[PDB]
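Heads up: the structure comes next, in structure tokens.
Residue numbers (PDB author numbering), protein chains in the order written: chain H, 2 to 148, 155 to 449; chain G, 5 to 146; chain O, 3 to 110; chain N, 3 to 110.
Right under this line is the structure:
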């Protein structure tokens with residue numbers, strides 16, 4: 002039974018959302034949630050599995066404050082390597098406990114409390130035998146003896168050990184150099200566009216940037232080291248912004264903020280252009296609400312001109328305080344390309360791929376034959392796909408050239424291959440800064 | 005490399021419109037002249053540049069041609085789509101001889117054909133609009 | 003007598019990047035007995051005052067070689083920490099040595 | 003040459019069931035150098051003259067062994083296909099070999 006009219010007012014606030022190309026994903030080193038890529042649709046949902054001090058909640062709050070709320074936020078977990086070690090000496094029959102959880106059906110506790118003579122070890126090695134004998138834990142949990156590390160091996164991927172008194176300490180995330188983390192997350196779902204991470208180590212950050220550069224995504228980082236605001240020559244410093252610029256990585260966005268360590272200001276940057284469309288926006292001068300200007304960690308004052316110019320050399324974006332209004336300036340990737348161009352290009356590939364997929368897979372108007380008619384069909388789809396870019400105010404003109412059927416080698420036809428299809432579009436820029444040279448005041 | 009009606013191919017919305025009538029089957033036309041000169045009473049002449057390049061593509065397919073069902077099927081689908089979705093796609097016309105060198109940028113389906121059943125087999129004329137009938141040429145700016 | 007907060011806020015700056023295998027126990031500054039060519043080793047984030055390698059590292063071991071000790075190296079070509087692997091081994095022929103993990107720990 | 007339809011029919015009778023690794027190219031005398039055990043392998047239905055493995059199989063290679071070649075023994079103990087791996091690998095200790103995918107193909 003339901004009433005004729007069901008009304009339920011709450012003294013909540015606004016937060017009308019908007020949908021656009023790109024869905025953020027936050028690579029957090031957590032322990033909850035079922036498998037990778039849990040997901041969340043509102044700040045309350047992200048708080049039902051994470052605490053205030055938790056890294057994921059910190060990132061979620063910044064991205065989801067703004068004003069146009071992002072439709073959905075993806076949260077993925079890095080595979081975990083819990084390590085155990087006795088911190089004290091084994092005393093007679095002191096009770097030791099730990100609970101290993103894999104998949105969903107694993108809550109087996111483990112007690113040994115067997116050190117009558119002396120252990121000086123033993124207990125951990127005793128656990129090794131016990132941990133490999135449990136009927137529901139025997140497969141999936143790889144352990145060692147040290148001189155233990157309950158990792159994962161085969162089938163089951165998620166592991167978690169927890170105790171109260173003895174230890175069950177450390178995290179030591181297994182996911183290595185992005186690739187390992189990426190390979191896992193790709194298997195689950197590949198519908199995310201914007202990627203970030205909780206880790207800030209140089210080894211890891213440089214690994215994601217190289218790894219992201221291969222696929223069609225954008226990496227949003229945030230660094231706070233001082234060694235970047237002093238060097239004016241690129242091949243002099245070892246700062247991550249310098250490392251990115253030297254490697255010429257065009258799919259990695261760097262935002263130099265002083266809160267880069269304990270907070271994730273890159274989340275705010277993502278939520279500025281993600282809700283809107285792809286390419287019909289400028290990631291340049293942006294009034295990111297909430298986040299403050301890029302402060303100096305030494306003086307707690309806004310960055311000076313030389314420091315900003317040094318940052319401009321490494322292409323890492325900052326937050327310039329122009330008319331005393333915190334404005335994210337530059338709006339460029341580490342590779343020297345404007346962010347909107349990279350996003351628009353990625354959208355153009357997706358739209359071209361989808362539109363061309365229809366003829367080949369869904370056989371819209373039938374299978375494409377290898378003559379002047381078939382090539383024309385391909386040109387129409389490519390031309391149509393580029394036309395949407397023009398209507399989107401991304402491009403202004405395009406020019407698609409296709410090969411003539413008679414000029415096609417016999418080898419390609421036998422292989423059922425069509426190459427030498429080219430298009431040449433002209434971008435439409437945006438005025439981000441002016442220079443008014445006033446004549447006089449005579 | 006002379007004009008032959010057997011190589012002229014037209015493609016819209018990813019389909020391969022074919023089965024043209026033996027007589028005039030394709031008819032492109034701009035809806036407005038390039039310039040409209042205005043002549044003063046004295047005799048001075050000024051030119052008005054028309055910022056209206058829309059055109060009209062008419063196709064005469066014979067009724068039993070399969071593309072007639074394909075185009076009609078698209079039209080039926082396009083009526084059920086919401087107002088926000090697009091209903092236009094570029095109208096590429098290709099001819100190796102270079103007789104026709106015009107594109108149908110943002111072409112929509114304007115008018116449904118008129119069925120004229122008779123003793124013999126007649127044609128069905130599909131009329132397509134366009135936002136910019138762009139005339140091109142093989143010769144570049146040189 | 004450091005505290006976890008401390009413990010962690012210390013190993014974060016360590017960042018070992020390279021691992022070299024040795025036949026015998028390293029000296030004060032191991033320079034000889036380097037049996038395998040150095041390879042990159044990606045470590046992880048400190049947590050509860052200990053950092054461990056995240057990537058299963060495979061190193062080529064030449065023929066007629068023995069491996070019993072290792073020395074981690076940083077990006078400045080300065081050996082950081084030294085130790086012995088659990089089980090040494092003799093490679094009579096050309097082969098590959100695998101290290102599941104190495105854990106720099108401060109809990110004891 | 004055969005037809006696509008002809009190849010599909012013919013391939014539906016090979017039906018490999020087990021896979022055995024080898025140390026030397028098993029051309030002739032395929033019963034020798036039987037390093038591993040006959041682990042079972044499952045193949046799919048023929049499609050465009052090509053069969054592929056239904057799932058990844060793990061090979062329990064014994065310690066101190068070298069594997070460079072394999073063979074697909076069928077139900078009635080016949081070696082129907084030899085073949086080499088990427089590079090001869092020395093399993094100095096106990097380990098398992100992962101076969102991601104093995105495909106029999108006639109489109110050549």
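Ideal Cβ placement from N, Cα and C applies to all residues, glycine included.
Distance between residue j and residue i (C-alpha atoms, nearest Å)
| i | j | result |
| --- | --- | --- |
| residue 41 of chain O | residue 347 of chain H | 38 Å |
| residue 58 of chain H | residue 48 of chain H | 7 Å |
| residue 169 of chain H | residue 47 of chain N | 47 Å |
| residue 93 of chain N | residue 367 of chain H | 46 Å |
| residue 156 of chain H | residue 330 of chain H | 55 Å |
| residue 146 of chain G | residue 89 of chain G | 41 Å |
| residue 85 of chain G | residue 79 of chain G | 10 Å |
| residue 107 of chain O | residue 52 of chain O | 4 Å |
| residue 10 of chain H | residue 20 of chain G | 55 Å |
| residue 101 of chain O | residue 159 of chain H | 15 Å |
| residue 95 of chain N | residue 75 of chain H | 41 Å |
| residue 110 of chain G | residue 387 of chain H | 11 Å |
| residue 326 of chain H | residue 267 of chain H | 13 Å |
| residue 108 of chain H | residue 115 of chain H | 22 Å |
| residue 98 of chain O | residue 98 of chain N | 14 Å |
| residue 38 of chain G | residue 136 of chain G | 12 Å |
| residue 49 of chain G | residue 225 of chain H | 57 Å |
| residue 359 of chain H | residue 34 of chain N | 55 Å |
| residue 150 of chain H | residue 305 of chain H | Within chain H, residue numbering steps from 148 directly to 155, and residue 150 of chain H belongs to the interval with no atoms modelled. |
| residue 355 of chain H | residue 393 of chain H | 7 Å |
| residue 257 of chain H | residue 390 of chain H | 26 Å |
Beta bridge counterpart(s) of residue i as assigned by DSSP
| i | result |
| --- | --- |
| residue 204 of chain H | H:28 |
| residue 176 of chain H | H:84 |
| residue 324 of chain H | H:262 |
| residue 66 of chain G | G:127 |
| residue 132 of chain G | G:61 and G:113 |
| residue 73 of chain O | O:22 and O:84 |
| residue 333 of chain H | H:328 |
| residue 137 of chain G | G:108 |
| residue 401 of chain H | Bridge partners of residue 401 of chain H: none, in fact. |
| residue 62 of chain N | N:98 |
| residue 256 of chain H | Answer is none; residue 256 of chain H lacks a bridge partner. |
Close-in-space but distant-in-sequence residues of the same chain around residue i (CB under 7 Å, 5 per side omitted)
| i | result |
| --- | --- |
| residue 188 of chain H | 28, 79 and 182 |
| residue 81 of chain H | 32, 166, 167, 178, 180 and 181 |
Own chain residues within Cβ distance below 8 Å of residue i, not counting five before or after
| i | result |
| --- | --- |
| residue 70 of chain O | 24, 25, 26, 27, 86, 87 and 90 |
| residue 17 of chain O | 45, 76 and 77 |
| residue 140 of chain H | 161, 162 and 163 |
| residue 385 of chain H | 363, 366, 375, 409, 425 and 428 |
| residue 113 of chain H | 97, 124, 127, 128 and 131 |
| residue 6 of chain O | 50 and 51 |
Residues near residue i in its chain [Cβ-Cβ closer than 6 Å; skip 5 each side]
| i | result |
| --- | --- |
| residue 43 of chain O | 21, 55 and 59 |
| residue 20 of chain H | 72 |
| residue 412 of chain H | 378 and 379 |
| residue 120 of chain H | 91 |
Any C-beta of chain B under 8 Å from that of residue i
| i | result |
| --- | --- |
| residue 9 of chain O | Absent here is chain B; the protein component of the structure consists of chains H, G, O and N. |
Checklist entry - If you pair each beta-carbon of the segment 185 to 204 of chain H with each one of the segment 70 to 79 of chain O, do three or more pairs fall below 8 Å? => result no
Checklist entry - Are the segment 66 to 73 of chain O and the segment 192 to 201 of chain H in contact at 8 Å, needing three or more beta carbon pairs? => result no
Item to check | Residues within the segment 37 to 55 of chain O neighbouring chain N, beta-carbon criterion of under 7 Å | outcome: none
Checklist entry - When Cβ atoms are compared, which residues of the segment 98 to 121 of chain G fall closer than 8 Å to chain H? => result 98, 100, 107, 109 and 110
Item to check | Under 7 Å (Cβ pairs) to chain H, residues found in the segment 85 to 97 of chain O | outcome: 88
Checklist entry - Taking a cut of 7 Å between CB atoms, which residues from the segment 383 to 395 of chain H lie near chain G? => result 383, 384, 386, 387, 388, 390, 391 and 394
Item to check | the segment 243 to 250 of chain H contacting the segment 317 to 334 of chain H, beta-carbon criterion three pairs below 8 Å | outcome: yes
Next on the checklist: Using a Cβ-Cβ cutoff of 7 Å, what residues of the segment 57 to 89 of chain H are near chain O? List them in chain order.
Outcome noted: 82, 84, 86 and 88
Checklist entry - At a Cβ cut of 9 Å, what residues of the segment 370 to 381 of chain H count as close to chain G, listed as they run along the chain? => result 371, 372, 373, 375, 376, 378, 379, 380 and 381
Item to check | Interfacial residues, the segment 343 to 371 of chain H to chain G, with Cβ spacing under 7 Å | outcome: 365, 366 and 371
Item to check | Within 9 Å of chain O by C-beta, residues of the segment 122 to 141 of chain H in sequence order | outcome: none
Next on the checklist: Whether or not the segment 429 to 438 of chain H and the segment 395 to 408 of chain H are in contact is what I'm after, with contact meaning three or more pairs of Cβ atoms, one per stretch, closer than 8 Å; do they touch?
Outcome noted: yes
Next on the checklist: If contact is defined by three or more beta carbon pairs under 8 Å, each pair taking one atom from either stretch, is the segment 60 to 67 of chain H in contact with the segment 269 to 279 of chain H?
Outcome noted: yes
Checklist entry - Name the residues in the segment 10 to 22 of chain O whose C-beta lies less than 9 Å from a C-beta of chain H; which are they? => result 14, 17 and 19
Checklist entry - Mind listing which residues of the segment 243 to 265 of chain H have their C-beta closer than 7 Å to chain O's C-betas, in chain order? => result none
Next on the checklist: Does the contact criterion of 3 or more C-beta pairs under 8 Å hold for the segment 92 to 106 of chain G versus the segment 5 to 18 of chain G?
Outcome noted: yes
Checklist entry - Which of the residues in the segment 191 to 219 of chain H, read from start to end, lie with their CB under 9 Å from any CB of chain O? => result 205, 206, 207, 208, 209, 210, 211 and 214
Next on the checklist: Can you confirm whether the segment 50 to 59 of chain G touches the segment 433 to 444 of chain H when touching is taken to mean that 3 or more C-beta pairs between the two stretches lie within less than 8 Å?
Outcome noted: no
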